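# Analysis of the macromolecular model
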Amino acid sequence: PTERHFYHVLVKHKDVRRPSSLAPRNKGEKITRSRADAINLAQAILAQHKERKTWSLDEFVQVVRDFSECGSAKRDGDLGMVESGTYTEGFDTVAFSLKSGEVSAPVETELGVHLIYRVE
């Protein structure tokens, strides 16, 4: 009945419960990433546009498929028409209640951490 169009960056580490990526060429393959590389990943993005309070769309889409690990070739870290009640608490609440051209808070799910970006 009501969905939104936004993106997100999935970042994980080898210190997780299931440190592995579900890619076509790297299916069932382990990732050589550390807990320090997980945070610095999502953090580096939010800071990629530092010195200026302005988050561009195309600017994020570039870091999305470059950072997100949620099937780069599958969804490329890009979300589609999603309705309220599809994601977990905190994600579907912010992602849907996000500001056009802004990034949501650092959501930490049992599976891993990831960020959201509202598309204009």
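Residues numbered from 1 in each chain as written, not as in the entry; some residues may be left out. Heavy atoms only, no water.

The deposited coordinates for this entry were obtained by solution NMR.

## Here's the deal with the pattern of salt bridges
By the definition in use, this model includes 2 salt bridges. Where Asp-78 meets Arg-65, a salt bridge forms, and the shortest distance between an N and an O atom there is 3.5 Å. Separated by 13 residues along the polypeptide, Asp-78 in the loop between α3 (71-75) and β5 (82-83) and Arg-65 in helix α2 (residues 57-67) bring together distant segments of the chain. Taking the relative accessible area as the measure of exposure, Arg-65 reaches 45% and is therefore partly exposed. With a closest N to O distance of 3.7 Å, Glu-102 and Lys-99 form a salt bridge. Judged by its relative accessible area of 25%, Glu-102 is partly exposed. (Salt bridge = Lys/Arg side-chain N within 4 Å of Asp/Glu carboxyl O. Helix = DSSP H or I, 4+ residues; strand = E, 2+ residues; numbered from the N terminus. Buried < 20%, exposed > 50% of the residue type's maximum accessible area, 1.4 Å probe, protein only.)

## Remarks on the packing of helix α1 (residues 35-48) against α2
Any two packed helices are characterised by the angle at which their axes cross and by the distance between the axes. Between α1 and α2, whose axes approach to 11 Å, the crossing angle comes to 165 degrees. With respect to their mutual orientation, α1 and α2 come out roughly antiparallel. The two elements α1 and α2 meet at a crossing, and its hand is right-handed. In contact with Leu-41, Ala-44, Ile-45 and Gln-48 of α1, α2 contributes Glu-59, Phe-60, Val-63 and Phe-67. Each residue belonging to the contact of α1 with α2 can be placed in one class, and the counts come to 6 nonpolar, 1 polar and 1 charged. (Axes fitted to C-alpha atoms, helices over the stretch in contact; angles between N-to-C directions. Parallel < 35°, antiparallel > 145°, perpendicular 65-115°, else oblique. Left-handed = near helix turned anticlockwise from the far one by under 90°. Contact = heavy atoms within 4.5 Å. Nonpolar A, V, L, I, M, F, W, Y, C, P; charged D, E, K, R; others polar.)

## Digging into the pairing of strand β4 (residues 27-30)
Sheet topology note: the strand β3 (residues 20-22)/β4 ladder contains 3 bridges and is antiparallel. Of the residues in β4, the one forming a bridge with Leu-22 is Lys-27. Connecting the antiparallel pair β3 and β4 is a turn made up of 4 residues. (Pairing = 2+ DSSP bridges.)

## Considerations on α2
Those residues of α2 that sit buried are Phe-60, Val-61, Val-63, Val-64 and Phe-67. Where α2 is buried, its residues contact β2 (6-11), α1 and β7 (113-118). Measuring from the side-chain oxygen of the N-cap residue of α2 to the backbone nitrogen of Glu-59 gives 3.5 Å; that N-cap residue is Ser-56. (Polar contact = N/O pair within 3.5 Å; in protein donor to acceptor, adjacent residues only side chain to side chain.)

## Let's talk about the nonpolar core
Nonpolar side chains in soluble globular proteins tend to be buried together. Of all hydrophobic cores here, the largest spans 18 residues; its most connected members are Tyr-7, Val-9, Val-11, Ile-45, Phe-60, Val-63 and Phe-67. Elements represented by at least two residues in this core include exactly β2, α1, α2 and β7. With 5 residues, α2 is the single largest residue contributor to this core. In terms of nonpolar packing, the next biggest core, distinct from the first, is built from 8 residues, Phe-6, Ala-95, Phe-96 and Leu-98 among them. (Core = buried A, V, L, I, M, F, W, Y, C linked by side-chain atoms within 4.5 Å.)

## Some words on the environment of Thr-93
Of note, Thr-93 is situated in helix α4 (residues 91-96). Here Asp-92 takes part through its side chain, which lies 3.2 Å from a polar atom of the side chain of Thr-93.

## Points about the pairing of β7
As a general feature of sheets, a regular strand has side chains that alternate between the two faces. With 6 of 6 residues buried, β7 lies mostly within the body of the structure. A two-sided burial pattern is seen for β7, the buried positions comprising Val-113, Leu-115 and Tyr-117 on one face and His-114, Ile-116 and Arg-118 on the other. Summarising the sheet, β2 and β7 pair through 6 bridges and their orientation is antiparallel. Residue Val-9 lies in a different strand from β7, and its bridge partner there is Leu-115. In the sheet, strand β6 (residues 107-108) pairs with β7 via 2 bridges, with the strands oriented antiparallel. Paired with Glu-108 across the two strands is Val-113, which belongs to β7. Counting the residues between successive antiparallel strands, the hairpin from β6 to β7 contains 4 residues.

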